[PDB]
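So the structure is just underneath, and the comments pick up after that.
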Amino acid sequence: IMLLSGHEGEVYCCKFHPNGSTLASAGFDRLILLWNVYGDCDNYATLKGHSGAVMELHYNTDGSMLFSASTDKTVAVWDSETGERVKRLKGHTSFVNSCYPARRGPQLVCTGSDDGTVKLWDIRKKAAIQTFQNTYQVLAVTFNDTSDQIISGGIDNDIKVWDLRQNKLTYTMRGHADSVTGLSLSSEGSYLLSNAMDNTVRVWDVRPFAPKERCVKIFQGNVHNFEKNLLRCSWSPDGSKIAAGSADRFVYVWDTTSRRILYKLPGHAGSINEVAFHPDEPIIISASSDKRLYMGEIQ
Amino acid sequence: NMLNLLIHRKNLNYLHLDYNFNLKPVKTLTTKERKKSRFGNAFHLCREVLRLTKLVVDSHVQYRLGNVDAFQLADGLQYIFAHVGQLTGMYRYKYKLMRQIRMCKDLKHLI
Amino acid sequence: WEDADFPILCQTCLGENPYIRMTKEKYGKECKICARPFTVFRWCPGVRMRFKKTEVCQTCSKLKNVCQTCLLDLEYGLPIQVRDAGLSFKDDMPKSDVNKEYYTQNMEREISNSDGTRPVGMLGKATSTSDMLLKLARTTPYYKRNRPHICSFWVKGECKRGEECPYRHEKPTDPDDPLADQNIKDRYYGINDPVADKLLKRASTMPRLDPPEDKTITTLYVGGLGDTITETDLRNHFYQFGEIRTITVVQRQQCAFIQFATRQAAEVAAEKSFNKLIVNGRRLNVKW
Amino acid sequence: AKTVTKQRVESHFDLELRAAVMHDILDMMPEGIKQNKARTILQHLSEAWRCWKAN
Amino acid sequence: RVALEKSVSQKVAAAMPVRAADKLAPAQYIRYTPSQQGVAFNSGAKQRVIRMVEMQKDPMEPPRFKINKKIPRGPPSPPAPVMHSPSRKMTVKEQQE
Amino acid sequence: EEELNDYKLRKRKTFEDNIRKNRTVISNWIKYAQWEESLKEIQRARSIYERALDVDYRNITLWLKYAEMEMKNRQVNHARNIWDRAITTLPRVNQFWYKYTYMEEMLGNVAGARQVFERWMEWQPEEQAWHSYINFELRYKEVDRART
Amino acid sequence: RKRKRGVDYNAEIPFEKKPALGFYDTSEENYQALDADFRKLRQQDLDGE
Amino acid sequence: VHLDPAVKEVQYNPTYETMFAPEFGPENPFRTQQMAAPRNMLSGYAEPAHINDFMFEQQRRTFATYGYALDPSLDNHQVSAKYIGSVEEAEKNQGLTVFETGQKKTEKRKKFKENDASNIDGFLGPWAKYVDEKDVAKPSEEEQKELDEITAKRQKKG
RNA sequence: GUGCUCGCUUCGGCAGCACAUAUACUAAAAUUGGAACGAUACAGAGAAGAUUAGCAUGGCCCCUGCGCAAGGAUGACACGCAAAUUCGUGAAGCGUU
C-alpha cells in the first residue's frame, strides 16, 4: 500500500501511463503531477500551463502525449518527456468537462463542454473540424474503438451516439435516470461502462449487432452525494473487473461476470473521483477529494 | 491610562500619577504600604520614557496653538535631547544611559 | 489543562440543522464546576436561537455522563438527580473545594492511564436499566429550550431598538415559582434540583402492583387476550417467571386464569406483567 | 530551584556531607539491625570534627 | 525524535511568545454520528456535518487565568511486590557488637 | 455538635500540619488513625491507613494496626482483604502468614487455613514455617498427611 | 469565616482513598455508629489518660 | 472471515468477503443505546471529512431559508436519496437553493429613498427605514403593571 | 440595488438575464459572589544567663522584585506530656488437682 500526498486541493483525475512504469495525477490545484510507480513513488513534474481546474487526464496509446481537459475553456497537449505544453486548443465557450483521444491514428481528439457543444478536433489544425450541438450540458465523452464515433453522456440522462461521417445522431440508449458523470470504453471496444447520479453503474453493448435493449448488466452499490461531483468509471485491462468512483469514501471493484463486489476498501476521507487500474501488474490507484492518492496491490 | 490602571488594579489608590508622569503619594505611608508600592525598575523606566515623549509632543502642541515661534520650537527640541538626564531622571533606573547622556553633551559642544 | 478537539453534546443542544458552523477557542473560559480552563466551542443551533456555547469541560462531563451545555444525560436527556435516584445510586465526590481539587487530579491520573473514553467506572456501579427512566426519557427534541433570552429593557417598558430586537418580548416566569431558582452546581451535583422534584413526584403517581396483600391467592388474571393468542404463547411467557400448573380461559371475557406453584413466583411474574406486557401485538391488562 | 550562590555555600556543603553519611550507615548495617541509632552515629561525626579543630 | 522534538517545540514556544502573531486557517470538516439516533432528533438524517474554525486570538489580551495556584499532589501508582530472599537469621552476638 | 466538630477540626489540622511537615514519620499517621478509632469513625480511620500505605507500604507495623482495627469491629471481610494484599506485596514478612492462619484457626476454618499454608509453601519459606504446618495436621491427628 | 482551608475536614471524609476490594464481597457488612452519650463524656475522656 | 473485528490500520488490502461478512452470535442485553453505537468519543463517532466548501455552505444556507436540505449522511441505506426536515416544501418549491432565481417574488416591504446626497439632513441611501413598523414599542397598558409587580416582588427578597 | 434587454413599450410600472450571496463574546441591561489599605481594643520578635551577625532545612503560607539577583524579624511557621511490632527471671502469701 502506498500513499501519495502533495496535491493542495481535490484530486479529480488520475491515469497510469500505458507502459505501467509512470503515473499522472491532476485536480483542483491546476497542477499535473507525474509520479514513478515503482521505487519510492517519487514525483518528477509540475505542469503549470492551466489557469483553472483540470477535469480529466488521458494519455495517447503510445504514451508520448498527455491530454488535459480543463474548466479554463482550453485543452492542453503535453509532451510527456519534456513537459512542454505542445498546443492549446481554445475553441470552447464554456468549461471543458472531458476529452478523449482516438485509439487508432491519426491524432484526433473529441471534447464535451457545458456549452452543449460536442467538438471534434485534429491536433494539426487550430480549429474544430466538426461540432454537434446537444441541447444540454455534456459531462463525459469517449470515442468508440474504430475512432469514427463520438459517444457522449450528459445531464439529459440518455446516452447519445454520433457518427462523424453522416454528421447525424445515429442511435440513442435509454435507461439511466440521471446525469451521466462518466463514460469509459473497454480495451476490446465492444462494451461501454457508464456512471450516473441515479446510483447505478451499467454496461452497454456498443457493438453494431446488439439487441434492441442494449443494457446487458446493471451494477449497484456506489453513492452520489450532495457535492454532485463527476465520479468517473474505468475498466480493468482484461475486462474482468470494473471500478467506479463513489462519494461514500469506499473504493469499489466489481467482478463483471458474477456481478459481486470484490473489494470495498476503506481509508479515504473524501469523495473518490476516479479509480484506475495498472495495465500489467494488479495495482490499483484511487483519487479522492481528501487531497491524497492511495495506491495498493490487489489479488 | 495604562500605568493608571496598573495602579488601581493593585488598589494602591493612595498613590497619584499626574499628567506629566510624576508619581507622588497623597500621604505619609505606613511601612506595609511602602513595601506594597515599591515598584521595580521595569515600571519606572517605562514611565520616564513616556515623560520624554510628552516633552517632545507638547512642544509641537505649543507651536500648533501659536503660543511659540517656529524658531523657538527648533531650539526647544534641541534643548530636550541635549538635557534628557536633567529633565527626566531616567539614569536613576538604568545606569547605562551615561553613555548616551555624555554623547549628547559632546554633540552640544560640537554644534 | 484540558485540550479536546470535539465537544460532548446532545442532539437537542447540537441543533435541528445537520450542517453546523462552530468556532473552536482554546482555553477561552474556565469550567463552571472544576474552574479549569477548557476549549470552548460555540455554534448557532438554528435560525433564531441563542448561539450556544459549551459551559463545562469534558472531564466533568465524562464523570456524570452529561452534555457539556444543558447537563442533561446523554442516554435519556433527564436530569442527573433523576437518573441516579432511579438506580438508587449516589456520588461520593467531595463537596468542599480543596478536596474537590484533590479528587480532580486523581481522575486526571485515572483517565490518562486508563482508556479514559468511557463512563464505565461510574456507570459500572449501576449498569441496570430501569422502567422508571425509560418511561420518562425524551423520545423527541425540545427546541423551545434553545429560544432567545428575555429583553430586560422590554420588561422595563421602554424597548428601544424596536421590532429588530432578537430577544423575546414575552412575560417571564413568575419569581414565586420554585422552578426559577436553579443553579448549575445544584443541577450538576443533583441537590435540591426543582426540575427533578417535579418529575419524581409525577412518576411516583404512576400505577403499580396493589393486589399482593391477598397473600394466599396465587392465580393471575390477564385481560384483553382476544381470539388471536394461544395457550402455548401465554404458557411460554409465564414459564420464564417460574413454575405453573393451571390454565383456564373464559372466552366471553377473553381472559385467562393461570396459577403459580407459589405466590412469590406470581409476584415476580407480576413485575414484568404490567403495561410492558405485549403478545401478538395486543397489550394486555393484568389483575388478580 | 534557587541556587547555591555564595552565602549558601558552607551550610549547603554540611548538608551534603551528612546526607552522604546517611546513605552509608543504612548500607553498612546488617539487615537484621534495629532500624534506629542513625542519628547517634552522626553526632559522633560532629564531635570528631570538633576534637580535630581543638586538636 | 518526532515525539521529543514536538514536545521540545512546545517548550521552545514559551521562550519567544511575542516575536510574531501566530497564523491560523486550518478550517477543517469533521463528520459526526451522534450515537443517540432517532427519527426526530436530527430532523431526519443519520449523520451531521460540522465546520470547525479556530478563532483568531487577540495579540494584546494578557493571560486570562491564575496558574501559580498549587494543589495537593495525588497518591502514586500501586505498590510493587517486594521480591526479596528470606530474611537471613541475625544473631544475638553480632547484634551486641 | 459544634464543640465536637471544633475539637475534631483542631485535632485533625494539627495532625495534617504534622503530617505535611513530617510525612516520613509514620508514627504520626498511627496516632491520627487510633484517635478516629476511639471516636468509632471507622470510615475515616480506613482512609488514613490507605493513605499511609501510599507513603511507605513496606512498614510492617502499619499493616498490623490496620488489620487489627477491622478484626475488633467484626469486619472480617475487610481484614481478609488487608491480609490477602499483605502476603502478595510482602511475602517474606512471616508474621503476616502466622496471623492470617491464626484468624482462620480461631474461626475454625481448618479448610481455609490450609489454602493460606499451601500458598505459603510455594515460596519455600524457612524451616520453622513448615513445622507449624506439620503441627497443624498433628493437632488434628492426620498422620498420613504429616508424612507427605 | 475568611479562610481558604480549615472547615473542609468537618463536611466529609477529607481524603477518602477507598479500601481496596476483592475476592471477598464487603459492600454488605457495616458498622455500628458512635455511641454519643453527651451527659458523661469529657475532653479528657476523648484524649485519654 | 479471517479479519479481526478489533482491528485498525490494516497493512494489506482485504477482500470484501473477508472484511464485511457478519460477526456471529447473539447480542447481549447488557448494553444501552449509547453503549451499543460505534462511538469513538463519549457521545459519538467523529471522523475528518473533506467536503467541498461551496456545497456544504449552499445546503447549510438552504435549510435556514426554507427548512429542507439534501441528506449529508454517507451510509443510511445505499438505495435512494431523500430530503430531510420539512420535506413537503422540497417538492413544493421544486428543490431550489438560495443561490438561484427564486420562485416566489411578491409582497416586498416599502421604504423611503432620497438618493441624491445634496440635501443635508435628508440623505438616506442604504440606511433607509421601512415605513410601517416603527420605533419605541411597549407592550400594554396592563402587562407593564404585572412586570411592575414582578420587580416589586424581587425587591422583597433582598 | 445597478446595467443590458431591437421586453411589453412608456419614460410610470412589471418581467427576464448578468454581476452582487449570510455580521454579531448577539445588551443602551437585570443579576451573582468576593475583595482595600487602615483605624478600633487585644498582640511582642531565634540559638539552653544577657546582648546579638546570620546561613540553612520542609510546604494547600505568601508579599516586594523583570529576574536562575536581593529584601521582607534569621520573612512567618517548626519547640513536640517526641512510647512502633514483641517478652521473660527470682523469691513471698492465698486458692485448686
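Residues in the C-alpha cells are named by chain (A, B, ... in the order shown) and by number from 1 within that chain; ligands are numbered from 1 in the order shown.
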Backbone-only DSSP, alpha helix (DSSP H) members of chain G, as a PyMOL selection string: chain G and resi 43-47
Keeping N, CA, C and O atoms, export the residues of the selection given above as a compact mmCIF listing (two decimals), in the first residue's frame.
```txt
# COMPACT_ATOMS: atom_id res chain seq x y z
N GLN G 43 -13.66 16.17 77.69
CA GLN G 43 -12.50 16.46 76.85
C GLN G 43 -11.30 15.58 77.22
O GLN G 43 -10.54 15.16 76.34
N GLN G 44 -11.14 15.28 78.51
CA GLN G 44 -10.07 14.39 78.95
C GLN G 44 -10.35 12.95 78.53
O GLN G 44 -9.41 12.17 78.31
N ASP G 45 -11.63 12.59 78.35
CA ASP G 45 -12.02 11.22 78.05
C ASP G 45 -11.74 10.89 76.59
O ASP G 45 -11.41 9.74 76.26
N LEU G 46 -11.87 11.88 75.70
CA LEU G 46 -11.57 11.67 74.29
C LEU G 46 -10.08 11.51 74.05
O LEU G 46 -9.66 10.64 73.28
N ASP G 47 -9.26 12.36 74.68
CA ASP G 47 -7.81 12.24 74.55
C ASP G 47 -7.28 11.01 75.28
O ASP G 47 -6.27 10.43 74.86
```
Distance query residue 112 in chain A at most 7 Å, only C-alpha atoms (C1' of nucleotides), self and fewer than 2 positions along chain excluded, as JSON, numbers by chain: {"A": [96, 97, 98, 99, 117, 118, 119, 138, 139, 140, 141]}
Could you dump the residues just selected with N, CA and C atoms as a PDB file, in the first residue's frame?
```
ATOM      1  N   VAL A  96     -14.625  22.938 -20.134  1.00  0.00           N
ATOM      2  CA  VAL A  96     -14.401  21.653 -20.790  1.00  0.00           C
ATOM      3  C   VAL A  96     -14.446  20.575 -19.718  1.00  0.00           C
ATOM      4  N   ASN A  97     -15.478  19.733 -19.775  1.00  0.00           N
ATOM      5  CA  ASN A  97     -15.661  18.705 -18.759  1.00  0.00           C
ATOM      6  C   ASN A  97     -14.784  17.493 -19.035  1.00  0.00           C
ATOM      7  N   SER A  98     -14.573  17.153 -20.305  1.00  0.00           N
ATOM      8  CA  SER A  98     -13.934  15.892 -20.638  1.00  0.00           C
ATOM      9  C   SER A  98     -13.167  16.029 -21.942  1.00  0.00           C
ATOM     10  N   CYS A  99     -12.309  15.042 -22.191  1.00  0.00           N
ATOM     11  CA  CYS A  99     -11.745  14.800 -23.508  1.00  0.00           C
ATOM     12  C   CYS A  99     -11.399  13.324 -23.592  1.00  0.00           C
ATOM     13  N   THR A 117     -22.074  21.960 -26.673  1.00  0.00           N
ATOM     14  CA  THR A 117     -21.440  21.543 -27.914  1.00  0.00           C
ATOM     15  C   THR A 117     -20.542  20.335 -27.665  1.00  0.00           C
ATOM     16  N   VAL A 118     -20.535  19.413 -28.622  1.00  0.00           N
ATOM     17  CA  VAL A 118     -19.551  18.340 -28.709  1.00  0.00           C
ATOM     18  C   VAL A 118     -18.685  18.661 -29.920  1.00  0.00           C
ATOM     19  N   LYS A 119     -17.416  18.980 -29.680  1.00  0.00           N
ATOM     20  CA  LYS A 119     -16.496  19.376 -30.736  1.00  0.00           C
ATOM     21  C   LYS A 119     -15.424  18.319 -30.960  1.00  0.00           C
ATOM     22  N   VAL A 138     -22.823  18.541 -21.567  1.00  0.00           N
ATOM     23  CA  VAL A 138     -22.162  17.258 -21.777  1.00  0.00           C
ATOM     24  C   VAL A 138     -21.086  17.070 -20.711  1.00  0.00           C
ATOM     25  N   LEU A 139     -21.168  15.960 -19.969  1.00  0.00           N
ATOM     26  CA  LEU A 139     -20.265  15.694 -18.856  1.00  0.00           C
ATOM     27  C   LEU A 139     -19.126  14.730 -19.176  1.00  0.00           C
ATOM     28  N   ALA A 140     -19.325  13.763 -20.071  1.00  0.00           N
ATOM     29  CA  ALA A 140     -18.243  12.871 -20.469  1.00  0.00           C
ATOM     30  C   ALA A 140     -18.393  12.458 -21.924  1.00  0.00           C
ATOM     31  N   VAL A 141     -17.279  12.469 -22.662  1.00  0.00           N
ATOM     32  CA  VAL A 141     -17.225  11.893 -23.998  1.00  0.00           C
ATOM     33  C   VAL A 141     -16.097  10.874 -24.090  1.00  0.00           C
TER      34      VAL A 141
END
```
Residues of chain F within 7 Å of chain E, only C-alpha atoms counted, as a list in words: residues 54, 57, 88, 89, 90 and 92 of chain F
Atoms kept (N, CA and C atoms) for selection, written as a PDB file, in the first residue's frame:
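This went into part_36.pdb:
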```
ATOM      1  N   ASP F  54       0.437   4.517  50.978  1.00  0.00           N
ATOM      2  CA  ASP F  54       0.975   5.189  49.798  1.00  0.00           C
ATOM      3  C   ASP F  54       2.317   5.870  50.059  1.00  0.00           C
ATOM      4  N   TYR F  57       4.503   1.696  52.072  1.00  0.00           N
ATOM      5  CA  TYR F  57       3.870   0.375  52.073  1.00  0.00           C
ATOM      6  C   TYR F  57       4.693  -0.724  52.752  1.00  0.00           C
ATOM      7  N   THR F  88       0.716 -10.753  49.236  1.00  0.00           N
ATOM      8  CA  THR F  88       1.146 -10.583  47.851  1.00  0.00           C
ATOM      9  C   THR F  88       2.278  -9.570  47.731  1.00  0.00           C
ATOM     10  N   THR F  89       2.178  -8.448  48.447  1.00  0.00           N
ATOM     11  CA  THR F  89       3.206  -7.414  48.352  1.00  0.00           C
ATOM     12  C   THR F  89       4.437  -7.740  49.183  1.00  0.00           C
ATOM     13  N   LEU F  90       4.262  -8.337  50.359  1.00  0.00           N
ATOM     14  CA  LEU F  90       5.377  -8.604  51.276  1.00  0.00           C
ATOM     15  C   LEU F  90       5.462 -10.081  51.674  1.00  0.00           C
ATOM     16  N   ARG F  92       7.868 -12.159  52.260  1.00  0.00           N
ATOM     17  CA  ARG F  92       8.868 -12.554  53.244  1.00  0.00           C
ATOM     18  C   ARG F  92       8.517 -12.163  54.672  1.00  0.00           C
TER      19      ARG F  92
END
```
Residues near residue 6 in chain G, cut-off 10 Å, only C-alpha atoms (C1' of nucleotides), skip fewer than 5 positions along chain, as a VMD selection string: (chain C and resid 98) or (chain F and resid 9 to 10 12 to 13) or (chain G and resid 1)
Selection: 6 Å around residue 113 in chain F, only C-alpha atoms (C1' of nucleotides), excl. self and same-chain fewer than 3 positions, as a PyMOL selection string: chain F and resi 101+104+110+116
